[PDB]
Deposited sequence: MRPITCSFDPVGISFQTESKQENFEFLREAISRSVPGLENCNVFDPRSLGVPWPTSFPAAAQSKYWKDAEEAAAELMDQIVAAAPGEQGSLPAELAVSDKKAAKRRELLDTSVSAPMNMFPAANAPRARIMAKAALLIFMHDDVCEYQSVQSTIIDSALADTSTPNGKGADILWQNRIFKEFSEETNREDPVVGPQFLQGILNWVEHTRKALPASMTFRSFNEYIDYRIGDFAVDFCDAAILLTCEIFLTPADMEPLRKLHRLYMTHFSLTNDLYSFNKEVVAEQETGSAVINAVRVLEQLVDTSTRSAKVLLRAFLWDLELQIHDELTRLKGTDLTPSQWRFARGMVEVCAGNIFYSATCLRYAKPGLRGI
């Protein structure tokens, strides 16, 4: 299991659900014994590691092939270049920690693909604030990704390119949100769904047509909401310090809640954390309702993969050095 640098929780409050989450039990069982779809993961209870774990998910799963992902990300970094080292170390650390936690089902080859893809996204995201050589590097990445999976790879790469196009567009500084639900709809747009959905299909080694995705859409919206709001909660402090120095806008659910509810910032964080707890229960309810419907094994595996992204995202954020001690 990958070493943990730091652990933090912005809010500081943990909880326990009124009723057992049978639907999440597979994560807990995976810690002790092999469970379907988790053969490639180390599954652990973060509380045993000392990491604050204020969530309904009983465990977090991490791909056991993170060491390969580090080599892959480092290899790609050497091609691209062909306190700066400190920035590079953070880039490589984030490029591994995020996909290894969010998409833990990854085997060794697909983990390498995920880490390279994560590096490319994170390098572009940092940049926001000879072309043929550079175009060749990406083309080699597409070839290796396409070879590992002929079916999902093209969507996987298209998901990367769709994300770069969204980054270009900027929400207006003037624009404000009247309702939290309105903020959620905007914030959901920030998530790279096409990549993350393909990344689940890739790491879980399953294929779903877009029509197979229509039944899972309510769970999918729940997973995007939980992922996005979790990212806002853990990143809030990093944004405010950036706001003070560079005058950064702070587009964060915490700030929206503070304005809409007219409460303290500390209370806004508590409300967001609780909103996330209710989302986790809503995710659990949808899973129960979905089990009633005749679902395909791949559809169910995707439904479960979305749950693993949410839990892994919490673990990634809680152990992330950018967010802790900003």
Deposited residues without C-alpha coordinates, grouped into stretches that follow sequence order:
83-99, 147-170, 368-372
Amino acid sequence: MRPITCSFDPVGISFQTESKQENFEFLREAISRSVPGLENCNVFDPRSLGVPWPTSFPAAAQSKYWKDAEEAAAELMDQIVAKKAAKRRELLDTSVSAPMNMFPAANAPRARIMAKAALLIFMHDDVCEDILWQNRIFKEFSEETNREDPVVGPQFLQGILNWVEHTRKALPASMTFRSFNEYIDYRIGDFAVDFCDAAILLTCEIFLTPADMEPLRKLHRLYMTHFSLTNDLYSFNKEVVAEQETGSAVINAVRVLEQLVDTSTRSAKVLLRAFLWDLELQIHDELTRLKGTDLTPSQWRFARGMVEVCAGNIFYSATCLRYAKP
From here on, numbers count along this sequence of modelled residues.
Ranked by mean Cα B-factor in the entry, 85-93 and 209-217, top stretch is 85-93
Comparing mean C-alpha B factor in the record for 99-107 and 142-150, the higher one is 142-150
Which one of 288, 63, 32, 263 shows the biggest C-alpha B-factor in the PDB entry?
32
Which of 227, 234, 195, 177 ranks first by CA B-factor in the deposited coordinates:
177
Determine, from the deposited record, the chain-internal third of the Cα B-factor for residue 56: lowest, middle or highest.
lowest
Comparing against every modelled residue in the chain, figure out the third that the C-alpha B-factor of residue 156 lands in (lowest, middle or highest).
lowest
Select lowest, middle or highest to describe the third in which the CA B-factor of residue 21 falls within its chain in this entry.
middle
Should residue 49 be placed in the lowest, middle or highest third of its chain by the C-alpha B factor in the entry?
highest
Third of chain Cα B-factors occupied by residue 203:
lowest
